[PDB]
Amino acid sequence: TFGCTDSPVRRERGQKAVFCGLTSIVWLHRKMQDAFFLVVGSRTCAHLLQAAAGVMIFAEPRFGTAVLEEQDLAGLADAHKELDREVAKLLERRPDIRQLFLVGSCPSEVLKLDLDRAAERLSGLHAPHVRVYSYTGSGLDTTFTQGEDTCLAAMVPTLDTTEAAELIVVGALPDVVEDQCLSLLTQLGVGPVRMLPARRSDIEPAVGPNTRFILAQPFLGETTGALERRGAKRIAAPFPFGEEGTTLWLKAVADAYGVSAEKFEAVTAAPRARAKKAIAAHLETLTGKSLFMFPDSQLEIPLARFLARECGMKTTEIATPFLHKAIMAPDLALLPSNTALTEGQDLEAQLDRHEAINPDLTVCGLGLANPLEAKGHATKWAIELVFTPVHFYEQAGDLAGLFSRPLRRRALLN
């Protein structure tokens, strides 16, 4: 009734309606105060960032894109020198920047400019004030949130060495959510804990053989791999969505640090009851409703787990752009057994299955959403889930609220 550990997942390729990893820059740079994200790409890449950022584009944000010209299409030597020109320009125009990310696009990769080598070279040149890194955010390599994965993974080799046994909570979270996490862990007797990424470049966590880390976001595969290469050990936990997920997440950490069942129950009691009361308000319109999820962010499985177990929703097809079998084990073990799981996407075929299922609520991209509304399907746009505070106790009702709203608007208007 609740095991998806062994469910055979449909793997599909074909036409996709998903975002590339560049999109991740939009809400990543907000977290990392010292950082600047320079894409090397085409006008398309700049246009995407513009669309993805909305009004943030007018807020002098800490990203931009060196857009390729004819001259740059051949050949290497000259292009690299041209990149340095733009990077040197940028750095004096904004001197408070201490971290520069050279982000790879589809155009740059086909052109085979070695941004890894450019980062190396610029680091030597702008040392010690600016460290410069390189990772890929291209549509060739990466889907939406995976851009955060490649970014953090590119930082790990260079983090400070330490033998201390501190905790690292991995994944960019809204500051309000981060603080709550810190507070709960601190009052559990777990410390010190640091975040990756940190808010500033000078307070990035150290790693070493005694380090423990726990993921707050499901899309952190390469980052996990990188931290393990430095000797850090992962704490396995389902993802902190809703009352149950948050408790379970927190429980895995408390078990790892020897915290008693007595402490756990006492620190956690009030926030738990509070979370499950906020959720109850949404239990009316959600119980019994069928759920379909197009692939976007790799949040779909944890979210479907939360919606079924805590909100009484029935699952149908739950799709994800990438499924890390080990990282997703705890949540897969909690998903209802009927769930059809899909890794990847073949759009026309997946839209045929969707139509046949006729689900009550569909999570999908903005490009699908209105066209599906017009065909009489209640939708919920996915992208909101990656920027709105949704993890941990205090946000559990809001999260439920994100899925009940479109359903009560459909009822209200007809």
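Take the two forms, find the largest set of C-alpha atoms that superpose within 1.5 Å, and that set is the rigid core. For every residue, the number given is its place in the sequence shown, counted from 1.
- Comparing 77-85 with 297-305 by root mean square Cα distance to the shown form in 5 other deposited structures of this protein, with the rigid core used for the fit, gives 77-85 as the more displaced stretch.
- Of the two stretches examined, 235-243 and 90-98, the one with higher mean CA deviation in 5 other deposited structures of this protein after a rigid core fit is 90-98.
- Per-stretch averaging of Cα B factors for 72-80 and 160-168 places 72-80 on top.
- Mean CA temperature factor is higher for 374-382 when stretches 45-53 and 374-382 are set side by side in the entry.
- Sorting 248, 214, 130, 318 by the CA temperature factor given in the entry leaves 130 at the top.
- Each of 103, 232, 188, 341 has a CA temperature factor in the record; the biggest one is found at 188.
- Annotation for residue 395: C-alpha temperature factor in the middle third relative to the rest of the modelled chain, per the entry.
- The entry lists a Cα temperature factor for residue 389 that places it in the highest third of the chain's modelled residues.
- Ranked by C-alpha B-factor against the other modelled residues of its chain, residue 345 falls in the middle third.
- Remark: residue 295 belongs to the middle third of its chain, ranked by C-alpha B-factor as recorded.
- Per the deposited record, the Cα B-factor of residue 62 falls in the middle third when ranked against the other modelled residues of its chain.
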